[PDB]
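Hydrogens, waters and symmetry mates play no part in the numbers below; they use all other heavy atoms, side chains included. Sequential numbering from 1 along the given sequence is applied to the chain's residues.
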Amino acid sequence: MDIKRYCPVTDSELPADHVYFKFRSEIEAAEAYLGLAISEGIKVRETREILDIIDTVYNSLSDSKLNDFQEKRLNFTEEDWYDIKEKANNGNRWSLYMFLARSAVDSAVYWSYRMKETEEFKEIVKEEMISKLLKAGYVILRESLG
C-alpha cells in the first residue's frame with residue numbers, strides 16, 4: 001500500500017517518499033550535465049577529471065576513494081568570485097552545462113544534509129564526503145569561468 005523503492009546504498013527497500021531519492025536525482029543530474037559538457041568538445045580532459053571525482057565521491061557512500069592528486073585538487077580549491085549573467089548572455093554551451101552541473105552538485109549537498117537526518121542514513125553520510133562534493137562544485141565553478 002505504502003509504495004517502496006530499492007535503495008542501492010542500504011541494499012533495502014525504502015519508502016518512495018524518501019529524501020534519498022531526491023539526493024540521488026541531483027547527483028545524476030550533475031553527472032548528466034557533465035556528460036553534456038563532454039558532448040561539447042571543449043576542455044575534455046578537465047571535464048572528465050571532475051566527473052571522475054564526483055562519481056568517486058558519490059560512490060563512497062556504499063564503497064571508492066580519491067587518490068592524492070585529486071584530494072590536493074579539492075583542498076587547494078577555494079570558491080571564487082563570479083557573475084553568472086556574463087556567462088549566460090554570451091551563451092557558451094560548455095560553460096553553461098558546467099554551471100548546470102554545479103547547480104545540481106549544490107542541490108545534492110543540500111539534500112545530502114536532509115538525508116543525513118534520517119535513521120537510514122545518519123551513520124552512512126559523513127560530513128567528509130559532503131565537504132568533497134562541495135569542493136568538487138568549487139572546481140566546476142573555477143573551470144567554467146576559465
Side-chain angles (χ1 to χ4, degrees), residues 3 5-10 14-62 64 66-67 70-71 73-75 77-86 88-118 120-125 127-146:
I3 296 162
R5 191 169 177 184
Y6 180 69
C7 175
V9 173
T10 52
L14 298 171
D17 82 338
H18 205 93
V19 82
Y20 168 71
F21 296 113
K22 197 29 234 205
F23 170 74
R24 182 167 63 176
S25 76
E26 298 285 358
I27 291 289
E28 290 174 349
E31 299 207 18
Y33 289 126
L34 292 163
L36 291 172
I38 282 170
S39 87
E40 288 292 314
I42 286 290
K43 230 269 231 233
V44 173
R45 188 174 49 233
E46 303 84 345
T47 308
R48 302 180 162 168
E49 293 177 312
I50 197 50
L51 171 64
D52 283 350
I53 284 160
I54 290 151
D55 202 57
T56 297
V57 170
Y58 165 56
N59 280 284
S60 83
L61 265 185
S62 5
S64 170
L66 301 183
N67 70 54
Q70 73 195 167
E71 309 224 48
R73 204 210 203 323
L74 297 185
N75 296 202
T77 192
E78 310 180 64
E79 212 188 8
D80 293 357
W81 179 84
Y82 66 101
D83 180 6
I84 179 72
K85 209 201 154 282
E86 307 309 311
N89 229 126
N90 291 323
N92 178 260
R93 284 190 181 120
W94 178 85
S95 69
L96 296 173
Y97 292 136
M98 291 293 273
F99 267 106
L100 290 163
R102 178 171 170 270
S103 281
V105 168
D106 283 339
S107 301
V109 171
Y110 173 85
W111 298 105
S112 85
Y113 278 109
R114 293 303 105 230
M115 204 166 59
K116 128 103 80 150
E117 307 276 296
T118 68
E120 301 88 346
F121 292 91
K122 66 180 177 163
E123 278 304 289
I124 287 317
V125 176
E127 266 203 293
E128 199 183 279
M129 185 276 282
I130 305 189
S131 145
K132 287 172 195 233
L133 228 216
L134 189 63
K135 295 164 178 188
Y138 300 168
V139 176
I140 292 167
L141 177 65
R142 177 43 231 149
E143 302 185 330
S144 62
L145 295 176

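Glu31 CD to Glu26 CD: the interatomic distance, rounded to the nearest 0.5 Å, is 12.5 Å. Expressed to the nearest 0.5 Å, how far NZ of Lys132 lies from CD1 of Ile53 amounts to 10.0 Å. Atom CG of residue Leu134 and atom CG of residue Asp106 lie 6.5 Å apart, to the nearest 0.5 angstrom. Note: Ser60 OG to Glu128 CD = 8.0 Å, rounded to the nearest 0.5 Å. From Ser144, atom OG reaches atom CE of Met98 across 6.0 Å, with rounding to the nearest 0.5 Å. Between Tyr20 atom OH and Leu61 atom CG the span is 7.5 Å, to the nearest 0.5 Å.
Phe23 approaches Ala108 most closely through the heavy-atom pair CD1-O, 3.4 Å. The nearest pair of heavy atoms linking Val57 to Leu133 is CG1-N, 4.1 Å. Among all heavy-atom pairs drawn from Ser112 and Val125, the shortest one is O-CG1, 3.9 Å. Scanning all heavy atoms of the two residues, the minimum distance from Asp83 to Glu86 falls at OD2-OE2, 2.7 Å. Smallest separation of non-hydrogen atoms from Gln70 and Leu66: OE1-CA, 3.3 Å.
For the pair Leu36 and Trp94, the minimum side-chain heavy-atom distance is 4.5 Å or more. Using a 4.5 Å cut-off on side-chain heavy atoms (C-beta onward), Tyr97 and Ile38 make no contact. Looking at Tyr58 and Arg24, their side chains come closer than 4.5 Å, going by heavy atoms from C-beta outward. Residues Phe121 and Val9 meet the side-chain proximity criterion, which asks for heavy atoms closer than 4.5 Å.
No donor-acceptor pair under 3.5 Å is formed between the side chain of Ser131 and the backbone N or O of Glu127. Under a 3.5 Å cut-off, the side chain of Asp55 and the backbone N or O of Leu51 do not form any donor-acceptor pair. Formation of a donor-acceptor pair under 3.5 Å by the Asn90 side chain with backbone atoms of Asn92 is not found in this model. Remark: side-chain polar atoms of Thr77 are not paired, donor with acceptor, to backbone N or O of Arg73 under 3.5 angstrom. A donor-acceptor pair is defined here as one N or O able to donate and one able to accept, closer than 3.5 Å; such a pair exists between the side chain of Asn75 and the backbone of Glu71. Using a distance-only test at 3.5 Å, with no hydrogens or angles considered, no donor-acceptor pair links the side chain of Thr56 to the main chain of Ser64.
Checking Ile50, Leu145, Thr47 one by one against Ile140, the side-chain contact (heavy atoms from CB on, under 4.5 Å) holds for a single residue, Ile50.
Taking the charged nitrogens against the carboxylate oxygens, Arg102 and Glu143 have no contact shorter than 4.0 Å, which rules out a salt bridge.
By the 30° and 60° cut-offs, the orientation of the rings of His18 relative to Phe21 is perpendicular.
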